[PDB]
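Asks: turn this into a structure:
(one chain, ligands or ions: 2)
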Amino acid sequence: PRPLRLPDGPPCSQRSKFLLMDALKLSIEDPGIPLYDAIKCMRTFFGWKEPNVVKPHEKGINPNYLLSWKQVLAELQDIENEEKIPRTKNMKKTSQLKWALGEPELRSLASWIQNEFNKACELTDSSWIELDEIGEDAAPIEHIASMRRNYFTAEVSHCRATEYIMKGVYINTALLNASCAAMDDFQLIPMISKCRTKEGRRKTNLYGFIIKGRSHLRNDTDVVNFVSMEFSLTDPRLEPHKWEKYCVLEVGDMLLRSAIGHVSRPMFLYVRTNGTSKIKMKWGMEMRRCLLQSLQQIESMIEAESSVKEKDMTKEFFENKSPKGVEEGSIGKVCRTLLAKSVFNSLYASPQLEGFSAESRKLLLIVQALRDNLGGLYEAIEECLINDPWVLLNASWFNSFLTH
Ligand SMILES: Nc1cc(Cl)ccc1-n1ccnc1
Ligand SMILES: [Cl-]
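Replies: Residues are numbered from 1 along each chain as shown. Ligands and ions are numbered 1, 2, ... in the order given. Now the structure:
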């Protein structure tokens with residue numbers, strides 16, 4: 001009956017482990033060691049300038065974030081003089097890094113998280129996975145399953161949510177490996193991804209750096225702290241509420257092709273302290289399963305049309321030949337919307353998300369039963385609507401489904 005009661009308060013703020021729509025890549029074309037790749041990426045940019053804070057972290061020590069970035073640059077400059085470029089780089093345990101590495105309450109839905117989700121559904125001009133990326137099969141797959149995987153892949157291989165998948169897989173792999181290979185060190189860990197242009201060129205991408213703290217992770221739940229430093233062209237002063245947890249530097253200027261001619265835009269560095277655990281880094285390494293999970297949701301839809309029409313409906317589904325249209329607009333957009341929901345469930349995982357997902361499915365089945373044939377549950381759901389952007393956006397969406 002009643003729409004969900006969304007909490008009131010200041011707008012919700014970004015809480016992902018890395019930047020999503022706001023990320024910026026420094027890239028090298030047709031390039032294997034992350035630190036060497038990062039330096040060559042840094043040396044493609046010439047608009048660096050003396051960094052200063054432009055959006056302070058309200059609760060943190062902003063001079064230390066500034067000092068940490070200047071330390072990163074200074075220590076990368078050192079590596080450029082040591083004879084062979086080493087495989088890894090352990091930061092000096094400066095006072096700013098010791099500080100930064102660490103050695104109720106209601107928020108309202110803000111529009112940025114819907115925007116993030118729309119962005120995750122879009123196509124980029126690069127492919128982020130190989131043609132045989134999806135799946136774990138010991139054996140050759142049957143002909144129909146293959147056809148389905150190939151159709152699905154063509155629709156998501158360039159999708160932005162797939163870039164998020166591989167970005168997350170890379171940085172979680174690197175952090176987890178560093179966590180046992182360099183337990184006592186403040187290791188400098190580049191944030192790298194890899195894609196292939198439409199013309200087939202291989203590109204290596206640098207988003208920024210993380211620095212991990214001490215990581216004596218005896219448990220799955222033991223926490224390793226880190227400082228993330230991420231490039232961006234997003235001016236934080238347009239949506240300051242999004243950036244509550246960040247100190248934001250201006251660190252350069254970049255010359256860009258636009259719908260106008262060439263333009264110069266400031267380049268920013270989003271800095272925050274964060275943490276993660278073994279168990280979260282292991283899930284982060286498994287994000288390719290989002291591809292598999294959303295494929296299987298698509299296969300479900302094909303199997304239902306295929307039993308009803310007593311023929312295999314794979315070609316007629318993906319080619320859009322019973323239904324007379326596709327509400328999202330195209331088969332492609334449906335695949336990418338399913339993918340983005342799955343990826344965002346992983347990026348924004350939480351107990352709030354878990355509680356909302358189960359209790360809201362109960363209210364949905366009940367409400368459909370009422371729709372087709374005509375207190376307590378509401379408290380379990382709304383006990384999860386506190387301050388998480390992804391949960392709040394999903395509750396917003398649920399209320400659309402209640403109005404329709
Ligand atoms: N320090 C540094 C290191 C690298 Cl690999 C690239 C650029 C710089 N740099 C120069 C001026 N501002 C920053
Ligand atoms: Cl997989």
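Asks: every contact and neighbour count from this point should use C-alpha atoms.
Replies: Noted.
Asks: in stretch 277-290, what's buried?
Replies: For stretch 277-290, the buried set under the neighbour-count rule, 16 or more other CA atoms under 10 Å, comprises 277-278, 280-281, 283-290.
Asks: hang on, I meant stretch 311-318
Replies: Along stretch 311-318, these residues count as buried under the neighbour rule (16+ other CA under 10 Å): 312-314, 317-318.
Asks: let's have the buried residues of stretch 277-290 in TSV, adding secondary structure and distance to residue 269.
Replies: Supplementary listing: the buried residues of stretch 277-290 in TSV, determined by DSSP: H, G, I helix; E, B strand; the rest coil; distance: CA to CA, whole Å:
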residue	secondary structure	distance to residue 269
277	strand	25
278	helix	27
280	helix	25
281	helix	24
283	helix	27
284	helix	23
285	helix	25
286	coil	28
287	coil	26
288	coil	28
289	helix	31
290	helix	29
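Asks: OK, contacts around the residue nearest to residue 128 when sequence neighbours are not counted?
Replies: Ranked by CA to CA, 6 or more residues apart in numbering and with sequence neighbours excluded, the top spatial neighbour of residue 128 is residue 195, at 4.8 Å. With contact set as CA atoms under 8 Å, 6 or more residues apart in numbering, residue 195 has these partners: 126-129, 202-205.
Asks: which of the three states applies to the residue most central in space within the chain?
Replies: Centroid-nearest residue in the chain: residue 164, 4.4 Å away (criterion: CA atoms, centre = their mean). For residue 164, the reduced secondary structure class is helix; criterion used: DSSP: H, G, I helix; E, B strand; the rest coil.
Asks: got it, and residue 204?
Replies: Assigned by three-state DSSP, the conformation of residue 204 is strand.
Asks: just give me the closest of the contacts of residue 195 to ligand 2.
Replies: Looking at those and their distance to ligand 2, the nearest is residue 129, at 11.0 Å (CA to the ion).
Asks: what about the closest one, how many neighbours?
Replies: Close neighbours of residue 129, defined as other CA atoms under 10 Å, add up to 21.
Asks: contacting residues around the closest residue to it other than its chain neighbours?
Replies: If the residues on either side of it in the chain are set aside, residue 129 comes closest to residue 157, at 5.6 Å by CA to CA, 6+ apart. Neighbour list for residue 157: 127-130 [criterion: CA under 8 Å, 6+ apart].
Asks: residue 237 - that's part of a helix, no?
Replies: No. In this structure, residue 237 is coil, not part of a helix, as judged by three-state DSSP.
Asks: does it touch residue 55 like I think?
Replies: Yes. Shown here, residue 237 and residue 55 form a contact pair, counting by CA atoms under 8 Å, at 6.9 Å.
Asks: which of those two has more residues huddled nearby?
Replies: Neighbours per residue (other CA under 10 Å) separate residue 237 from residue 55, with residue 55 holding more: 19 against 12.
Asks: for the residue nearest to the more buried one when sequence neighbours are not counted, give the beta-bridge partners.
Replies: Excluding the flanking residues, the one nearest residue 55 by CA to CA, 6+ apart is residue 248, at 4.9 Å. As for beta bridges, residue 248 partners with residue 55, residue 270 under DSSP bridges.
Asks: hey, where'd the strands end up in the stretch 151-300 of the chain?
Replies: For the stretch 151-300 of the chain, the strands defined by DSSP state E, counting those that start in this stretch cover 186-197, 202-212, 223-232, 247-257, 262-277.
Asks: re earlier: now tabulate the contacts of residue 157 in CSV and tack on distance to residue 28 and secondary structure.
Replies: Formatted as CSV, the entries for the contacts of residue 157 read as follows, by distance: CA to CA, whole Å; DSSP: H, G, I helix; E, B strand; the rest coil:
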residue, distance to residue 28, secondary structure
127, 15, strand
128, 15, coil
129, 18, coil
130, 19, coil
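Asks: so which of those is the closest to residue 83?
Replies: Here the nearest of the contacts of residue 157 to residue 83, counting by CA to CA, is residue 128; it sits at 33.8 Å.
Asks: give me every residue that touches that closest one.
Replies: With contacts defined as CA under 8 Å, 6+ apart, the neighbours of residue 128 are 157-159, 162-163, 166, 194-196.
Asks: taking these, tell me the two that lie furthest apart.
Replies: Comparing every pair within these by CA to CA identifies 159 and 194 as the most remote, at 13.7 Å.
Asks: so between those two, which is more surrounded?
Replies: Taking neighbours as other CA under 10 Å, residue 159 and residue 194 compare with residue 159 leading, 30 against 19.
Asks: ligand 2 versus the more buried one, what's the distance?
Replies: Noted for residue 159: a distance of 16 Å to ligand 2, by CA to the ion, to the nearest Å.
Asks: I'd assumed residue 119 was in contact with that residue.
Replies: No. Under the contact definition of CA under 8 Å, residue 159 does not touch residue 119, with a separation of 9.5 Å.
Asks: can I get stretch 219-234 in PDB, CA atoms only?
Replies: Extracted C-alpha coordinates of stretch 219-234, given in PDB (Å, rounded to 0.1, in the frame of the first residue of the first chain):
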ATOM      1  CA  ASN A 219      41.800 -13.000   9.500                       C
ATOM      2  CA  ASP A 220      39.400 -12.600   6.600                       C
ATOM      3  CA  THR A 221      37.900  -9.700   8.500                       C
ATOM      4  CA  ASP A 222      41.200  -8.000   9.500                       C
ATOM      5  CA  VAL A 223      41.400  -4.600   7.900                       C
ATOM      6  CA  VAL A 224      44.300  -3.100   5.800                       C
ATOM      7  CA  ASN A 225      44.100   0.700   5.600                       C
ATOM      8  CA  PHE A 226      45.100   2.600   2.500                       C
ATOM      9  CA  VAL A 227      45.200   6.000   1.000                       C
ATOM     10  CA  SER A 228      43.800   6.400  -2.500                       C
ATOM     11  CA  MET A 229      44.900   9.200  -4.900                       C
ATOM     12  CA  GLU A 230      42.700   9.400  -8.000                       C
ATOM     13  CA  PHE A 231      42.900  11.600 -11.000                       C
ATOM     14  CA  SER A 232      39.700  13.400 -12.100                       C
ATOM     15  CA  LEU A 233      38.400  16.300 -14.200                       C
ATOM     16  CA  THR A 234      35.300  16.600 -11.900                       C
END
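Asks: no further questions, thank you.
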